[PDB]
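J.: So I've got this experimental structure, pasted below with the sequence.
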Amino acid sequence: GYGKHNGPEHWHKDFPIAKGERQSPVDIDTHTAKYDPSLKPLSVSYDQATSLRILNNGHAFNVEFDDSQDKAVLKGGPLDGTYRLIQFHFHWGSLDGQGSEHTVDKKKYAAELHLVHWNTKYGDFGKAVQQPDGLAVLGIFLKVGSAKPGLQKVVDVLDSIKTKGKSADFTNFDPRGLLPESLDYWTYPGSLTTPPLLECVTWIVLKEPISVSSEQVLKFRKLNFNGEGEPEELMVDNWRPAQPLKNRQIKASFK
Ligand SMILES: [Zn+2]
């Protein structure tokens, strides 16, 4: 979890890879990122996306998709091959001034959306996480301002999954409603940002944030880390701090 006695600063004791060479998130220093003209544009094909369910797993809430066929896929950019969307989730703060996992020149956003995809050549998500190129996660920053209409269906169902382990049917949700206008991105190799912290992720972090209203993000902060009938602990600040870049270069698709 993310408390004072089991937060990210303790994870290394159970998951020694927490101190590894390609851990995420990181600070993106925009002046030392390298423009790489050989990076292709991202290809996001989400028209046939089939959402199934939304679940409070005690760390965040996940919206899960049917990933048994190539329905919603990410290609191009720095990627070789086809990556299927399996779930998305957010990280957010107790205050608007924090919540994102990645930072841009040390600037924190109010929240960060992760669309998680796995490389179809490995057959399933479980095998993919064991490979250095197993996952691609698209990261999108949220700043507080105008409401995001395409997010509201998610906000409205949160009441039904308040506590850990609760799930609700969540069909016909279109993830295209959560993308910014521009798909310019930074990319670097990294890890999952929750345990088991495996170093299997190609990160693709979009330069343009989306805006959500204060009321929308306030509703995220009413969820609970705990299960029903346990003492209430609000689900806030479920973000891991920036880790050292070590021997990695962040590349940019844009100048
Ligand atoms: Zn995440």
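T.: Received the coordinates, thanks. Residues are numbered from 1 along each chain as shown.
J.: how many other residues sit next to the residue nearest to residue 57 when sequence neighbours are not counted?
T.: Spatially, and ignoring its direct neighbours in sequence, residue 57 is nearest to residue 164 (7.0 Å; C-beta to C-beta, 6 or more residues apart in numbering). Just so you know, the C-beta spots here come from the backbone N, C-alpha and C atoms, and that holds for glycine as well. The tally of other residues near residue 164 (other C-beta atoms under 10 Å) stands at 20.
J.: OK, contacts around residue 164?
T.: Residues in contact with residue 164, defined by C-beta atoms under 8 Å, 6 or more residues apart in numbering, are 56, 57, 58, 224, 225, 226, 227.
J.: any idea how far it lies from residue 220?
T.: Taking C-beta to C-beta, to the nearest Å as the criterion, residue 164 is separated from residue 220 by 15 Å.
J.: same question, residue 212
T.: Remark: distance between residue 212 and residue 220 (C-beta to C-beta) = 9 Å.
J.: joint contacts of the two?
T.: When C-beta under 8 Å, 6+ apart defines a contact, the residues bordering residue 212 and residue 220 alike are residue 111.
J.: ranking the contacts of residue 164 by neighbours, who comes first?
T.: Taking other C-beta under 10 Å as the neighbour criterion, residue 56 ranks highest of the contacts of residue 164 with 23 neighbours.
J.: what residues are up against that residue?
T.: In this structure, residue 56 makes contact with 161, 162, 163, 164, 165, 166, 167, 223, 224, 235, judged by C-beta under 8 Å, 6+ apart.
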